[PDB]
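Next comes protein18.csv, a file with CSV, C-alpha atoms and all ligand atoms.
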```csv
chain,number,residue,atom,x,y,z
D,1,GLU,CA,224.8,177.1,58.0
D,2,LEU,CA,225.2,180.8,57.4
D,3,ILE,CA,228.1,182.6,55.8
D,4,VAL,CA,229.9,185.1,58.0
D,5,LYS,CA,230.4,188.5,56.3
D,6,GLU,CA,231.6,190.2,59.5
D,7,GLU,CA,232.1,188.9,63.0
D,8,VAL,CA,230.2,191.1,65.4
D,9,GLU,CA,229.3,191.1,69.0
D,10,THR,CA,225.7,191.6,70.3
D,11,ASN,CA,224.7,193.6,73.4
D,12,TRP,CA,222.7,191.4,75.7
D,13,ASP,CA,221.2,194.5,77.3
D,14,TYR,CA,218.8,194.7,74.3
D,15,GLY,CA,216.4,192.0,73.1
D,16,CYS,CA,217.1,188.4,73.9
D,17,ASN,CA,217.1,184.9,72.6
D,18,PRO,CA,213.5,184.3,71.3
D,19,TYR,CA,213.2,181.2,73.5
D,20,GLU,CA,214.3,183.1,76.6
D,21,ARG,CA,211.8,186.0,76.5
D,22,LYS,CA,210.1,187.1,79.6
D,23,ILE,CA,206.7,185.4,79.6
D,24,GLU,CA,204.8,188.6,78.6
D,25,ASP,CA,207.1,189.0,75.5
D,26,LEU,CA,206.9,185.3,74.6
D,27,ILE,CA,203.1,185.9,74.4
D,28,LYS,CA,203.6,189.2,72.7
D,29,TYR,CA,205.6,187.5,69.9
D,30,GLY,CA,204.1,184.0,70.2
D,31,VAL,CA,202.2,181.3,68.3
D,32,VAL,CA,200.0,178.5,69.7
D,33,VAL,CA,199.7,175.5,67.4
D,34,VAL,CA,196.2,174.3,68.2
D,35,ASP,CA,195.0,170.8,67.3
D,36,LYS,CA,191.6,172.1,66.0
D,37,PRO,CA,188.5,170.2,67.3
D,38,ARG,CA,185.9,168.9,64.9
D,39,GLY,CA,182.9,171.2,64.9
D,40,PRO,CA,184.0,174.8,65.6
D,41,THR,CA,185.1,177.1,62.7
D,42,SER,CA,188.8,178.2,62.6
D,43,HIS,CA,187.6,181.7,63.6
D,44,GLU,CA,185.9,180.4,66.7
D,45,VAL,CA,189.2,178.7,67.6
D,46,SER,CA,191.3,181.9,67.3
D,47,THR,CA,188.6,183.7,69.3
D,48,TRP,CA,188.9,181.1,72.1
D,49,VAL,CA,192.7,181.3,72.1
D,50,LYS,CA,192.2,185.1,72.4
D,51,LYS,CA,189.9,184.7,75.3
D,52,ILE,CA,191.9,182.0,77.1
D,53,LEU,CA,195.1,184.1,77.1
D,54,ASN,CA,193.2,187.4,77.7
D,55,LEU,CA,194.7,188.9,74.5
D,56,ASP,CA,193.6,191.9,72.4
D,57,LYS,CA,194.6,190.3,69.1
D,58,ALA,CA,195.0,186.8,67.7
D,59,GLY,CA,194.8,185.3,64.2
D,60,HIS,CA,195.0,181.8,62.7
D,61,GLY,CA,196.7,180.7,59.5
D,62,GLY,CA,195.5,178.4,56.8
D,63,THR,CA,191.8,178.2,57.4
D,64,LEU,CA,190.4,174.7,58.2
D,65,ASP,CA,186.8,174.0,57.6
D,66,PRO,CA,184.4,173.2,60.6
D,67,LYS,CA,184.6,169.4,60.3
D,68,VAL,CA,188.4,169.3,59.7
D,69,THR,CA,190.8,168.8,62.6
D,70,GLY,CA,194.5,169.2,63.1
D,71,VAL,CA,197.3,171.7,62.9
D,72,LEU,CA,195.9,175.3,63.2
D,73,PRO,CA,198.6,177.8,64.1
D,74,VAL,CA,197.2,180.8,65.9
D,75,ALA,CA,199.5,183.9,66.0
D,76,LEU,CA,199.3,186.0,69.2
D,77,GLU,CA,199.5,189.8,69.3
D,78,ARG,CA,202.5,191.0,67.2
D,79,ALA,CA,203.0,187.6,65.7
D,80,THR,CA,199.9,188.1,63.6
D,81,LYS,CA,202.1,190.3,61.4
D,82,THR,CA,204.0,187.1,60.4
D,83,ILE,CA,201.0,185.1,59.2
D,84,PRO,CA,201.5,186.1,55.5
D,85,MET,CA,204.8,184.0,55.5
D,86,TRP,CA,203.1,180.8,56.6
D,87,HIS,CA,201.6,179.9,53.3
D,88,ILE,CA,205.0,179.4,51.6
D,89,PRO,CA,205.9,176.0,52.8
D,90,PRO,CA,203.7,173.0,51.8
D,91,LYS,CA,200.9,171.6,53.8
D,92,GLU,CA,200.1,168.0,54.6
D,93,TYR,CA,196.9,166.2,55.4
D,94,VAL,CA,195.6,162.7,56.1
D,95,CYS,CA,192.3,162.1,54.3
D,96,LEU,CA,189.6,159.5,54.2
D,97,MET,CA,188.0,159.3,50.8
D,98,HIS,CA,184.9,157.2,49.9
D,99,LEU,CA,184.7,155.9,46.4
D,100,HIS,CA,181.2,155.4,44.8
D,101,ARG,CA,182.4,152.1,43.4
D,102,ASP,CA,185.3,149.9,44.6
D,103,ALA,CA,188.6,150.2,42.8
D,104,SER,CA,191.7,148.0,42.8
D,105,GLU,CA,194.7,149.1,44.9
D,106,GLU,CA,196.8,149.0,41.7
D,107,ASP,CA,194.5,151.5,40.0
D,108,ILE,CA,194.5,153.8,43.0
D,109,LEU,CA,198.3,153.8,43.1
D,110,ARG,CA,198.5,154.5,39.4
D,111,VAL,CA,196.1,157.4,39.7
D,112,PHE,CA,198.0,158.8,42.7
D,113,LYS,CA,201.1,158.9,40.5
D,114,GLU,CA,199.1,160.7,37.8
D,115,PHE,CA,198.0,163.3,40.3
D,116,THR,CA,201.5,163.7,41.7
D,117,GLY,CA,202.8,167.0,40.3
D,118,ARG,CA,200.9,170.0,38.8
D,119,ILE,CA,197.1,169.9,38.8
D,120,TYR,CA,194.3,172.4,38.2
D,121,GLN,CA,191.5,173.6,40.5
D,122,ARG,CA,189.0,176.6,40.8
D,123,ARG,CA,194.5,177.7,39.7
D,124,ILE,CA,197.5,175.5,39.3
D,125,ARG,CA,198.6,173.7,42.5
D,126,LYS,CA,201.4,171.3,43.1
D,127,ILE,CA,200.9,167.9,44.6
D,128,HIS,CA,204.3,166.9,46.1
D,129,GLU,CA,203.3,163.5,47.6
D,130,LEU,CA,200.3,161.3,47.5
D,131,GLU,CA,200.6,158.1,49.6
D,132,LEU,CA,198.1,155.3,50.1
D,133,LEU,CA,198.0,154.6,53.8
D,134,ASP,CA,195.2,152.1,54.0
D,135,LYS,CA,192.2,150.8,52.1
D,136,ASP,CA,189.0,148.9,53.0
D,137,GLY,CA,186.7,148.5,50.0
D,138,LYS,CA,185.5,151.9,48.8
D,139,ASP,CA,187.2,153.6,51.8
D,140,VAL,CA,190.6,154.9,50.9
D,141,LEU,CA,192.9,156.6,53.5
D,142,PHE,CA,195.8,158.6,52.1
D,143,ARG,CA,198.4,161.2,53.0
D,144,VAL,CA,198.8,164.2,50.7
D,145,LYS,CA,201.6,166.9,50.8
D,146,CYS,CA,200.6,169.8,48.7
D,147,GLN,CA,200.9,173.5,48.0
D,148,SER,CA,198.8,175.9,50.1
D,149,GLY,CA,195.4,176.7,48.6
D,150,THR,CA,194.9,173.2,47.3
D,151,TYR,CA,191.3,172.1,47.9
D,152,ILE,CA,191.5,168.5,49.2
D,153,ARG,CA,187.7,168.0,48.8
D,154,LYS,CA,188.1,168.8,45.1
D,155,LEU,CA,191.2,166.6,44.9
D,156,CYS,CA,189.1,163.6,46.2
D,157,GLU,CA,186.5,164.2,43.6
D,158,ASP,CA,188.9,164.4,40.7
D,159,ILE,CA,190.7,161.3,41.9
D,160,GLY,CA,187.3,159.5,41.9
D,161,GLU,CA,186.6,160.6,38.4
D,162,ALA,CA,190.2,159.5,37.3
D,163,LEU,CA,189.3,156.1,38.6
D,164,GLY,CA,186.2,155.8,36.4
D,165,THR,CA,183.8,156.5,39.2
D,166,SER,CA,183.3,159.3,41.7
D,167,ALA,CA,184.3,160.0,45.3
D,168,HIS,CA,183.8,162.3,48.2
D,169,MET,CA,185.9,163.4,51.1
D,170,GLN,CA,184.7,161.8,54.3
D,171,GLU,CA,187.3,163.1,56.8
D,172,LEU,CA,190.3,165.4,56.7
D,173,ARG,CA,193.0,166.1,59.3
D,174,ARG,CA,195.9,168.5,58.7
D,175,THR,CA,199.2,167.2,60.0
D,176,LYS,CA,201.5,170.0,58.8
D,177,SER,CA,201.0,173.7,58.0
D,178,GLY,CA,203.8,176.2,57.5
D,179,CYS,CA,206.7,175.2,59.7
D,180,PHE,CA,204.4,173.6,62.2
D,181,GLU,CA,203.7,169.8,62.6
D,182,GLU,CA,201.3,167.7,64.6
D,183,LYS,CA,204.0,167.2,67.2
D,184,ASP,CA,203.7,170.9,67.9
D,185,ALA,CA,199.9,170.9,68.3
D,186,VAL,CA,198.2,171.4,71.7
D,187,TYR,CA,194.6,170.9,72.9
D,188,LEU,CA,192.8,174.1,73.9
D,189,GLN,CA,192.2,172.5,77.3
D,190,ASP,CA,196.0,172.2,77.8
D,191,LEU,CA,196.5,175.8,76.7
D,192,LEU,CA,193.8,176.9,79.1
D,193,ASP,CA,195.4,174.9,82.0
D,194,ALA,CA,198.8,176.3,81.1
D,195,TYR,CA,197.4,179.8,81.5
D,196,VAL,CA,195.8,179.0,84.8
D,197,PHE,CA,199.0,177.4,86.1
D,198,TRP,CA,200.8,180.7,85.3
D,199,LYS,CA,198.2,183.0,86.7
D,200,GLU,CA,197.6,180.9,89.9
D,201,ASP,CA,200.6,178.7,90.6
D,202,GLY,CA,202.8,181.3,89.1
D,203,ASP,CA,204.4,178.6,87.0
D,204,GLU,CA,205.4,179.5,83.4
D,205,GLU,CA,206.6,176.0,82.5
D,206,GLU,CA,203.4,174.8,80.7
D,207,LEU,CA,202.8,178.2,78.9
D,208,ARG,CA,206.4,178.0,77.7
D,209,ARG,CA,205.8,174.4,76.5
D,210,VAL,CA,202.7,175.3,74.5
D,211,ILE,CA,203.5,178.8,73.2
D,212,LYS,CA,206.2,178.9,70.5
D,213,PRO,CA,208.1,182.0,69.5
D,214,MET,CA,207.0,183.4,66.1
D,215,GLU,CA,210.5,182.8,64.9
D,216,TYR,CA,209.6,179.1,64.9
D,217,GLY,CA,207.1,179.7,62.1
D,218,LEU,CA,209.7,181.5,60.0
D,219,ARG,CA,212.4,178.9,59.8
D,220,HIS,CA,211.7,178.2,56.1
D,221,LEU,CA,213.1,181.6,55.0
D,222,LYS,CA,216.7,182.4,54.0
D,223,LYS,CA,218.2,184.8,56.5
D,224,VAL,CA,220.1,188.1,56.7
D,225,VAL,CA,221.5,188.6,60.2
D,226,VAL,CA,222.2,192.2,61.0
D,227,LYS,CA,224.3,194.1,63.5
D,228,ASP,CA,222.7,195.5,66.7
D,229,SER,CA,223.3,199.1,65.3
D,230,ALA,CA,221.1,198.4,62.3
D,231,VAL,CA,218.0,197.0,64.2
D,232,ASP,CA,216.1,200.0,65.5
D,233,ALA,CA,216.7,201.8,62.2
D,234,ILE,CA,215.1,198.9,60.3
D,235,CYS,CA,212.2,198.9,62.9
D,236,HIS,CA,211.6,202.5,61.9
D,237,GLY,CA,211.4,201.8,58.2
D,238,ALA,CA,215.0,201.7,57.0
D,239,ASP,CA,216.1,199.1,54.5
D,240,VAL,CA,219.0,196.7,55.1
D,241,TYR,CA,222.3,198.0,53.9
D,242,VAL,CA,225.4,195.9,53.0
D,243,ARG,CA,227.4,197.4,55.9
D,244,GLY,CA,224.7,196.4,58.4
D,245,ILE,CA,225.0,192.7,57.6
D,246,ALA,CA,226.9,190.3,59.9
D,247,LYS,CA,225.8,186.9,58.5
D,248,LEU,CA,223.5,185.6,55.8
D,249,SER,CA,222.3,182.4,54.2
D,250,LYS,CA,224.0,180.9,51.2
D,251,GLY,CA,222.1,181.0,47.9
D,252,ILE,CA,220.0,184.1,48.5
D,253,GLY,CA,218.8,185.2,45.1
D,254,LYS,CA,217.7,188.7,43.9
D,255,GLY,CA,214.0,189.2,44.5
D,256,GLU,CA,213.9,186.4,47.0
D,257,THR,CA,211.9,186.9,50.3
D,258,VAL,CA,214.3,186.9,53.2
D,259,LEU,CA,214.0,187.2,57.0
D,260,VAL,CA,216.0,189.9,58.7
D,261,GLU,CA,217.2,188.6,62.2
D,262,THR,CA,219.2,190.1,65.0
D,263,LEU,CA,222.4,188.4,66.2
D,264,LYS,CA,220.3,186.7,68.9
D,265,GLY,CA,217.9,185.1,66.4
D,266,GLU,CA,215.0,187.5,66.8
D,267,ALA,CA,212.9,188.1,63.8
D,268,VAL,CA,213.1,191.8,62.9
D,269,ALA,CA,211.3,191.9,59.5
D,270,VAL,CA,211.0,190.4,56.1
D,271,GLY,CA,211.8,191.8,52.7
D,272,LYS,CA,213.0,191.2,49.2
D,273,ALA,CA,216.7,190.5,48.5
D,274,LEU,CA,218.1,193.2,46.2
D,275,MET,CA,221.5,191.4,45.9
D,276,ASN,CA,222.5,187.7,45.9
D,277,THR,CA,224.6,186.2,48.6
D,278,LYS,CA,227.9,186.7,46.7
D,279,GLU,CA,227.2,190.3,45.7
D,280,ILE,CA,226.5,191.1,49.4
D,281,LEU,CA,229.7,189.3,50.4
D,282,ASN,CA,231.8,191.2,47.8
D,283,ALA,CA,230.1,194.6,48.3
D,284,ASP,CA,231.3,197.3,50.7
D,285,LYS,CA,228.2,199.5,50.1
D,286,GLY,CA,224.7,199.3,48.8
D,287,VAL,CA,221.2,198.3,49.9
D,288,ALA,CA,220.9,194.6,50.5
D,289,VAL,CA,217.3,194.1,51.4
D,290,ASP,CA,214.1,196.1,50.5
D,291,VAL,CA,212.1,195.7,53.8
D,292,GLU,CA,208.4,195.0,53.3
D,293,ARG,CA,207.1,194.4,56.8
D,294,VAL,CA,208.5,195.0,60.3
D,295,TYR,CA,207.9,192.5,63.0
D,296,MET,CA,209.8,193.9,66.0
D,297,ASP,CA,208.6,196.9,68.1
D,298,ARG,CA,210.5,200.1,67.7
D,299,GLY,CA,212.8,200.8,70.7
D,300,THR,CA,213.6,197.2,71.3
D,301,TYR,CA,217.2,197.9,70.2
D,302,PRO,CA,219.2,201.2,70.6
D,303,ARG,CA,218.5,204.1,68.2
D,304,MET,CA,221.8,205.2,66.7
B,1,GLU,CA,180.6,154.6,58.3
B,2,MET,CA,184.4,154.2,58.4
B,3,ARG,CA,186.5,156.6,60.4
B,4,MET,CA,190.2,157.2,60.3
B,5,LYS,CA,192.2,155.9,63.3
B,6,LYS,CA,195.7,156.6,64.6
B,7,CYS,CA,198.1,154.4,66.6
B,8,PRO,CA,198.6,156.0,70.1
B,9,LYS,CA,202.2,154.6,70.1
B,10,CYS,CA,203.7,154.9,66.6
B,11,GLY,CA,201.5,157.8,65.6
B,12,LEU,CA,200.6,156.1,62.3
B,13,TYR,CA,197.3,156.6,60.5
B,14,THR,CA,195.2,153.6,59.5
B,15,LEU,CA,191.6,152.3,59.2
B,16,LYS,CA,192.4,149.2,61.3
B,17,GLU,CA,191.2,148.8,64.9
B,18,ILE,CA,194.7,147.4,65.8
B,19,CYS,CA,197.9,148.9,64.6
B,20,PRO,CA,199.7,146.8,62.0
B,21,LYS,CA,203.2,148.1,63.0
B,22,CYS,CA,203.0,148.1,66.8
B,23,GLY,CA,200.0,146.5,68.5
B,24,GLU,CA,197.9,148.9,70.6
B,25,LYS,CA,194.2,149.4,69.8
B,26,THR,CA,194.1,152.5,67.5
B,27,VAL,CA,192.1,155.6,68.5
B,28,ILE,CA,190.1,158.3,66.9
B,29,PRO,CA,192.4,161.3,66.1
B,30,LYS,CA,189.8,164.0,67.1
B,31,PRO,CA,190.7,166.4,69.9
B,32,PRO,CA,188.4,166.4,72.9
B,33,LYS,CA,185.4,168.7,72.5
B,34,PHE,CA,186.1,172.2,74.0
B,35,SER,CA,184.0,174.9,75.6
B,36,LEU,CA,185.0,178.0,77.5
B,37,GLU,CA,182.8,176.6,80.3
B,38,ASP,CA,185.7,174.2,81.0
B,39,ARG,CA,183.4,172.0,83.0
B,40,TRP,CA,185.9,169.5,84.5
B,41,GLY,CA,188.9,172.0,84.3
B,42,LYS,CA,189.3,172.1,88.1
B,43,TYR,CA,189.5,168.3,88.3
B,44,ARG,CA,191.9,168.0,85.3
B,45,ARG,CA,194.2,170.6,86.7
B,46,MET,CA,194.0,169.0,90.2
B,47,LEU,CA,195.4,165.8,88.7
B,48,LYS,CA,198.2,167.5,86.8
B,49,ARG,CA,199.3,169.3,89.9
B,50,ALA,CA,199.3,166.1,92.0
B,51,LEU,CA,201.0,164.1,89.2
B,52,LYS,CA,203.7,166.7,88.9
B,53,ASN,CA,204.9,166.9,92.5
B,54,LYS,CA,205.4,163.2,92.2
B,55,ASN,CA,206.7,161.6,89.0
D,401,K,K,199.1,178.0,58.7
D,402,K,K,183.1,149.3,50.8
D,403,ZN,ZN,201.7,151.5,66.1
```

Could you render the structure from this file as structure tokens?
Amino acid sequence: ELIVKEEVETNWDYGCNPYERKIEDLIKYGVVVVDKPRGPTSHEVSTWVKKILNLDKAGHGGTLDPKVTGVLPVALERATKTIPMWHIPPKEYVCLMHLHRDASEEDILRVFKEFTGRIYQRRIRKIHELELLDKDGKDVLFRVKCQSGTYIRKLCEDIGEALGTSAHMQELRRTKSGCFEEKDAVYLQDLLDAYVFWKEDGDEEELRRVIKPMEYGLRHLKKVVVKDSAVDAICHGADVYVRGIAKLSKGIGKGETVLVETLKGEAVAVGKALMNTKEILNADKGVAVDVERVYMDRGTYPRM
Amino acid sequence: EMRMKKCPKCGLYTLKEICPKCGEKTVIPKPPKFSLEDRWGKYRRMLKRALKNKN
């Protein structure tokens, strides 16, 4: 829920609901969550997406190694500008680890607790959850929710050593990255077919099912919703002033990264909060957000 | 060599050949191999089209 600072109307002659974009614009500001195949590099995958949709630009998020499968968000065209925000939320993986010597289930559970929290790797990374999914002798299958940048291969080795033996990662599959989950993932074959269905059968249904608006990958950020009259200015480099805000998230703290959205829910840009939610609510003047990157094309909304 | 499995129904990950919470034979989570060649693409799309103007 957002706090309303000022009730304002939006002009439906400009922009639109992110999920109701014309097909070309959905692609322009879209993201395809690919279920990465075992074998190709993450770069080969973004390249394929680029070729499949006949795009000029595409980029993936958290790099997955060649043998790793799973959630691999691939930003399309303008959406590539949003990739830097994807590392913020935690990631999750299912991993198959092979111990050098068998260990009891009780000792594994104990060590998982020991690793739950802050750990060190070459950096301090946080391990939010570590769950034992299944075990068969030296083969241990576990789920891990962790901070971006955490090397799972190294985590398996350290867990092996903590058990009094050694271990190596056998298989890894990412189930969550950024705001995307496995349920959002699509096979490249289905993305290819979706495109063909649009280009041939003139049907956008499949493309709309597989391409998500970039706003979907920015849901973890607190928001500052601005009036229509402030949008184009922001797209041209202006910061967000108190008087241009219609609604905002509760608990925004100074220095916090926030998403600037239109009244229709379109991502305009991201920046650092210069004031907290209350100051913004009490102020009648001042600069609310120091804009750091613009996502929306100039001229989408009216210049004032 | 052990390989992780996943239940096609519950979507749970396990090492068992049969899900312990549902019943169906578990499957390998890996996505089908892909190539721009899209060898059987025509047939695959043929099926989707037919299946769609039906159920
Ligand atoms: K990512
Ligand atoms: K064993
Ligand atoms: Zn099941």

Can you pull out every residue with an atom within 8 Å of ligand K 401 (chain D)? Use only C-alpha atoms and all ligand atoms and format it as a CSV table (one decimal) with C-alpha atoms, in the coordinates of the input.
```
chain,number,residue,atom,x,y,z
D,60,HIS,CA,195.0,181.8,62.7
D,61,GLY,CA,196.7,180.7,59.5
D,62,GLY,CA,195.5,178.4,56.8
D,63,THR,CA,191.8,178.2,57.4
D,71,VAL,CA,197.3,171.7,62.9
D,72,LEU,CA,195.9,175.3,63.2
D,73,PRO,CA,198.6,177.8,64.1
D,74,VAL,CA,197.2,180.8,65.9
D,83,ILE,CA,201.0,185.1,59.2
D,86,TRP,CA,203.1,180.8,56.6
D,87,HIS,CA,201.6,179.9,53.3
D,177,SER,CA,201.0,173.7,58.0
D,178,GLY,CA,203.8,176.2,57.5
D,180,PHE,CA,204.4,173.6,62.2
```

Compile a residue-level contact table for chain B against ligand ZN 403 (chain D) at a cut-off of 6 Å, reporting for every qualifying residue the shortest atom pair and its distance in Å to one decimal, with all atoms listed in the file counted, rows ordered by chain and ascending number, as a Markdown table.
```
| residue | atom | partner | partner_atom | distance |
| --- | --- | --- | --- | --- |
| B:7 | CA | D:ZN403 | ZN | 4.6 |
| B:9 | CA | D:ZN403 | ZN | 5.1 |
| B:10 | CA | D:ZN403 | ZN | 4.0 |
| B:19 | CA | D:ZN403 | ZN | 4.8 |
| B:21 | CA | D:ZN403 | ZN | 4.8 |
| B:22 | CA | D:ZN403 | ZN | 3.7 |
| B:23 | CA | D:ZN403 | ZN | 5.8 |
```

Closest atom pairs, chain D residues within 10 Å of ligand K 402 (chain D), all atoms listed in the file, as a Markdown table:
```
| residue | atom | partner | partner_atom | distance |
| --- | --- | --- | --- | --- |
| D:98 | CA | D:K402 | K | 8.2 |
| D:99 | CA | D:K402 | K | 8.1 |
| D:100 | CA | D:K402 | K | 8.8 |
| D:101 | CA | D:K402 | K | 7.9 |
| D:102 | CA | D:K402 | K | 6.6 |
| D:103 | CA | D:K402 | K | 9.7 |
| D:135 | CA | D:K402 | K | 9.3 |
| D:136 | CA | D:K402 | K | 6.3 |
| D:137 | CA | D:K402 | K | 3.8 |
| D:138 | CA | D:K402 | K | 4.1 |
| D:139 | CA | D:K402 | K | 6.0 |
| D:140 | CA | D:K402 | K | 9.4 |
```

task = Pick out the residues sitting within 9 Å of residue 249 in chain D, and hand them over as a list in words; count all atoms listed in the file, and ignore anything fewer than 6 positions along from it in its own chain.
result = residues 1, 2, 3, 4, 222, 223, 224, 225 and 277 of chain D

Which residues of chain B come within 8 Å of chain D, and for each one, what is the closest pair of atoms and their distance in Å to one decimal, counting only C-alpha atoms, sorted by chain and residue number, as a tab-separated table?
```
residue	atom	partner	partner_atom	distance
B:2	CA	D:139	CA	7.2
B:3	CA	D:171	CA	7.5
B:4	CA	D:96	CA	6.5
B:13	CA	D:133	CA	7.0
B:14	CA	D:134	CA	5.7
B:15	CA	D:134	CA	6.3
B:30	CA	D:37	CA	6.3
B:31	CA	D:37	CA	5.1
B:32	CA	D:37	CA	6.8
B:33	CA	D:37	CA	6.2
B:34	CA	D:189	CA	6.9
B:36	CA	D:48	CA	7.3
B:38	CA	D:189	CA	7.7
B:41	CA	D:193	CA	7.5
B:45	CA	D:193	CA	6.5
```

query = If you count only C-alpha atoms, which residues fall within 8 Å of residue 148 in chain D, apart from same-chain ones fewer than 4 positions away, as a ChimeraX atom specification?
reply = /D:62,87-91,125

Taking C-alpha atoms for each residue, export the selection above as a PDB file, in the frame of the given file.
```pdb
ATOM      1  CA  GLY D  62     195.500 178.400  56.800  1.00  0.00           C
ATOM      2  CA  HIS D  87     201.600 179.900  53.300  1.00  0.00           C
ATOM      3  CA  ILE D  88     205.000 179.400  51.600  1.00  0.00           C
ATOM      4  CA  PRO D  89     205.900 176.000  52.800  1.00  0.00           C
ATOM      5  CA  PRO D  90     203.700 173.000  51.800  1.00  0.00           C
ATOM      6  CA  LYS D  91     200.900 171.600  53.800  1.00  0.00           C
ATOM      7  CA  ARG D 125     198.600 173.700  42.500  1.00  0.00           C
TER       8      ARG D 125
END
```

ask   = Expressed in Å to a single decimal, how great is the separation between CA of residue 29 in chain B and CA of residue 144 in chain D?
value =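 Going from CA of residue 29 in chain B over to CA of residue 144 in chain D covers 16.9 Å.
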
message = So that I can check the surroundings of residue 260 in chain D, please list as a VMD selection string every protein, DNA and RNA residue that reaches within 10 Å of it, counting all atoms listed in the file and ignoring chain neighbours fewer than 6 positions away.
response = chain D and resid 221 to 226 231 234 240 245 248 266 to 271 289 291 294 to 295

Between CA of residue 155 in chain D and CA of residue 107 in chain D - distance in Å to one decimal =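 Going from CA of residue 107 in chain D over to CA of residue 155 in chain D covers 16.2 Å.
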
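Counting only C-alpha atoms and comparing D:92, D:129, D:114, D:20, the residue that lies closest to residue 159 in chain D is D:114.
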
query = Which protein, DNA or RNA residues are at most 9 Å from (203.0, 176.4, 74.8) in the file's coordinates when you count all atoms listed in the file, listed as a PyMOL selection string?
reply = chain D and resi 30-33+184+186+190-191+194+205-212

request  = Go ahead and compute the interatomic distance for CA of residue 67 in chain D and CA of residue 46 in chain D, in Å to one decimal.
outcome  =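 These two atoms are separated by 15.8 Å.
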
key: Within 9 Å of residue 280 in chain D using all atoms listed in the file, minus same-chain residues under 4 positions, as number ranges by chain   = D: 5, 242, 245, 248, 275-276, 284-288

Shortest interatomic distance to residue 6 in chain D - which of D:293, D:303, D:220, D:227, counting only C-alpha atoms =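 Under the stated criterion, the closest residue is D:227.
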
key: Using only C-alpha atoms: which of D:66, D:57, D:150, D:93 has the shortest distance to residue 123 in chain D   =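 Nearest to residue 123 in chain D: D:150.
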
Take range 34-47 of chain D from the block and save it with C-alpha atoms, as a compact mmCIF listing (two decimals), in the first residue's frame.
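out.txt, written as the output of this step:
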```
# COMPACT_ATOMS: atom_id res chain seq x y z
CA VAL D 34 14.62 -17.96 -19.76
CA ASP D 35 15.04 -21.38 -18.15
CA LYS D 36 18.71 -21.68 -19.12
CA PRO D 37 19.72 -24.98 -20.78
CA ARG D 38 22.71 -26.97 -19.55
CA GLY D 39 25.62 -26.43 -21.93
CA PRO D 40 25.51 -22.91 -23.41
CA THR D 41 26.98 -19.89 -21.63
CA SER D 42 24.68 -17.18 -20.32
CA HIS D 43 25.99 -14.91 -23.07
CA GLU D 44 25.05 -17.44 -25.78
CA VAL D 45 21.54 -17.46 -24.30
CA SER D 46 21.13 -13.67 -24.40
CA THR D 47 22.47 -13.79 -27.96
```
